[PDB]
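Chemist: Here it is, the structure in full.
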Amino acid sequence: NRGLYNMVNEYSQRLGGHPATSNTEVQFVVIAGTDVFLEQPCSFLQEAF
Amino acid sequence: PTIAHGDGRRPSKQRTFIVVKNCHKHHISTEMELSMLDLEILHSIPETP
């Protein structure tokens, strides 16, 4: 709900809300982001392809 | 070597690897045949042309 520039900033600045882990047999939630190098563009738009 | 990081991640200390390589040996053989009549007349001085 905050400004458009607040959304642009939060996109790259602060890691998202509970994205899945990589290199595991299944997807658990991320608690410790040591080498979490991910970005997610559907969180911004709320749509699924 | 390593890198310094800002996270509280467990730090990898100094590391070092030791590897060993060994030799392999190869063998080659062959067989040739000669007749006795041939080997014998190498020993005797020839009489006639």
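Each chain in the structure tokens gets a letter, A, B, ..., in the order shown, and its residues are numbered from 1; ligands are numbered from 1 in order too.
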So that I can see what lies close to region 23-40 of chain A, please list as a CSV table (one decimal) with N, CA and C atoms, in the first residue's frame the residues with an atom at most 12 Å from it, counting only C-alpha atoms and leaving out residues fewer than 3 positions away in the same chain.
Modeler:
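Okay, around24.csv is ready:
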chain,number,residue,atom,x,y,z
A,10,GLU,N,11.6,-1.8,-1.9
A,10,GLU,CA,11.5,-3.1,-1.2
A,10,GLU,C,11.7,-4.3,-2.1
A,11,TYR,N,11.5,-4.1,-3.4
A,11,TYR,CA,11.7,-5.2,-4.3
A,11,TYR,C,13.1,-5.8,-4.2
A,12,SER,N,14.1,-4.9,-4.4
A,12,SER,CA,15.5,-5.4,-4.4
A,12,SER,C,16.2,-5.3,-3.1
A,13,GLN,N,15.7,-4.4,-2.2
A,13,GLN,CA,16.4,-4.1,-1.0
A,13,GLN,C,16.2,-5.2,0.1
A,14,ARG,N,15.0,-5.4,0.5
A,14,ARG,CA,14.7,-6.4,1.6
A,14,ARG,C,14.2,-7.7,1.0
A,15,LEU,N,14.8,-8.8,1.4
A,15,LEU,CA,14.3,-10.1,0.9
A,15,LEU,C,12.8,-10.3,1.2
A,16,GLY,N,12.2,-11.0,0.3
A,16,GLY,CA,10.7,-11.2,0.3
A,16,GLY,C,10.2,-11.9,1.5
A,17,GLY,N,8.9,-12.1,1.6
A,17,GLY,CA,8.2,-12.8,2.6
A,17,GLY,C,8.2,-14.3,2.4
A,18,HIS,N,9.1,-15.0,3.0
A,18,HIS,CA,9.1,-16.5,3.0
A,18,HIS,C,9.2,-17.1,1.7
A,19,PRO,N,10.3,-17.0,0.9
A,19,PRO,CA,10.5,-17.7,-0.3
A,19,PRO,C,11.1,-19.1,0.0
A,20,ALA,N,10.9,-20.0,-1.0
A,20,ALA,CA,11.4,-21.4,-0.8
A,20,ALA,C,12.9,-21.5,-0.9
A,43,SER,N,5.4,-11.4,-6.6
A,43,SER,CA,5.0,-10.8,-5.3
A,43,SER,C,4.5,-9.4,-5.5
A,44,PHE,N,5.2,-8.7,-6.5
A,44,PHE,CA,4.9,-7.3,-6.7
A,44,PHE,C,3.5,-7.2,-7.4
A,45,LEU,N,3.2,-8.0,-8.4
A,45,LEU,CA,2.0,-7.9,-9.1
A,45,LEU,C,0.8,-8.8,-8.7
A,46,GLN,N,1.1,-9.8,-7.8
A,46,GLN,CA,0.0,-10.7,-7.3
A,46,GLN,C,-0.7,-11.5,-8.4
A,47,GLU,N,0.1,-12.0,-9.4
A,47,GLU,CA,-0.5,-12.8,-10.5
A,47,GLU,C,0.3,-14.1,-10.8
A,48,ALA,N,-0.4,-15.1,-11.3
A,48,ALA,CA,0.3,-16.4,-11.6
A,48,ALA,C,0.1,-16.7,-13.1
B,5,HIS,N,32.8,-11.9,5.5
B,5,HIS,CA,31.4,-11.7,5.2
B,5,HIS,C,30.7,-11.0,6.4
B,6,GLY,N,29.6,-10.3,6.2
B,6,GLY,CA,28.9,-9.5,7.2
B,6,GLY,C,27.9,-10.3,8.0
B,7,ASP,N,27.4,-11.4,7.4
B,7,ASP,CA,26.5,-12.2,8.1
B,7,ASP,C,27.2,-12.9,9.3
B,8,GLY,N,26.4,-13.5,10.2
B,8,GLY,CA,27.0,-14.3,11.3
B,8,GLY,C,27.3,-15.7,10.9
B,9,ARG,N,27.5,-16.0,9.6
B,9,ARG,CA,27.7,-17.4,9.1
B,9,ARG,C,28.9,-18.0,9.8
B,10,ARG,N,28.8,-19.3,10.0
B,10,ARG,CA,30.0,-20.0,10.6
B,10,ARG,C,31.2,-19.8,9.6
B,11,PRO,N,32.3,-19.3,10.2
B,11,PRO,CA,33.4,-19.0,9.3
B,11,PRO,C,34.3,-20.2,9.0
Chemist: Mind the document's chain letters and residue numbers, and return as number ranges by chain the residues of chain B that DSSP labels helix (DSSP H, G or I).
Modeler: B: 36-40
Chemist: So that I have them on file, write out the residues from the current selection with C-alpha atoms, as an mmCIF file, in the first residue's frame.
Modeler:
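Final output, part.cif:
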data_model
loop_
_atom_site.group_PDB
_atom_site.id
_atom_site.type_symbol
_atom_site.label_atom_id
_atom_site.label_comp_id
_atom_site.auth_asym_id
_atom_site.auth_seq_id
_atom_site.Cartn_x
_atom_site.Cartn_y
_atom_site.Cartn_z
ATOM 1 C CA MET B 36 68.770 -73.660 -37.049
ATOM 2 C CA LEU B 37 70.282 -74.161 -40.485
ATOM 3 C CA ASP B 38 70.462 -70.381 -40.685
ATOM 4 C CA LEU B 39 71.998 -69.872 -37.237
ATOM 5 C CA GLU B 40 74.469 -72.725 -37.703
#
Chemist: Please compute the CA of residue 33 (chain B)-CA of residue 45 (chain B) distance, one decimal, in Å.
Modeler: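 The value is 23.4 Å.
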Chemist: Give me the residues within 12 Å of region 14-25 of chain B as a PyMOL selection string, counting only C-alpha atoms and dropping any in the same chain fewer than 3 places off.
Modeler: chain B and resi 1-3+11+28
Chemist: Could you please take those selected residues and save N, CA and C atoms as a compact mmCIF listing (two decimals), in the first residue's frame?
Modeler:
# COMPACT_ATOMS: atom_id res chain seq x y z
N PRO B 1 42.00 -19.83 -0.16
CA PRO B 1 41.68 -18.59 0.55
C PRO B 1 40.22 -18.53 0.95
N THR B 2 39.78 -17.41 1.54
CA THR B 2 38.37 -17.21 1.86
C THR B 2 38.02 -15.75 1.67
N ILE B 3 36.78 -15.41 2.02
CA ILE B 3 36.26 -14.05 1.95
C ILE B 3 35.68 -13.68 3.31
N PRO B 11 32.33 -19.33 10.16
CA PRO B 11 33.44 -18.99 9.28
C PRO B 11 34.31 -20.19 8.96
N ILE B 28 55.90 -54.43 -23.12
CA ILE B 28 55.79 -54.69 -24.55
C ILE B 28 56.64 -55.90 -24.89
Chemist: Tell me, in Å to one decimal, how far CA of residue 21 (chain A) is from CA of residue 1 (chain A).
Modeler: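 Taking CA of residue 21 (chain A) and CA of residue 1 (chain A), their separation equals 27.2 Å.
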Chemist: CA of residue 12 (chain B) and CA of residue 22 (chain A) are how many Å apart?
Modeler: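 For CA of residue 12 (chain B) relative to CA of residue 22 (chain A), the distance reads 21.5 Å.
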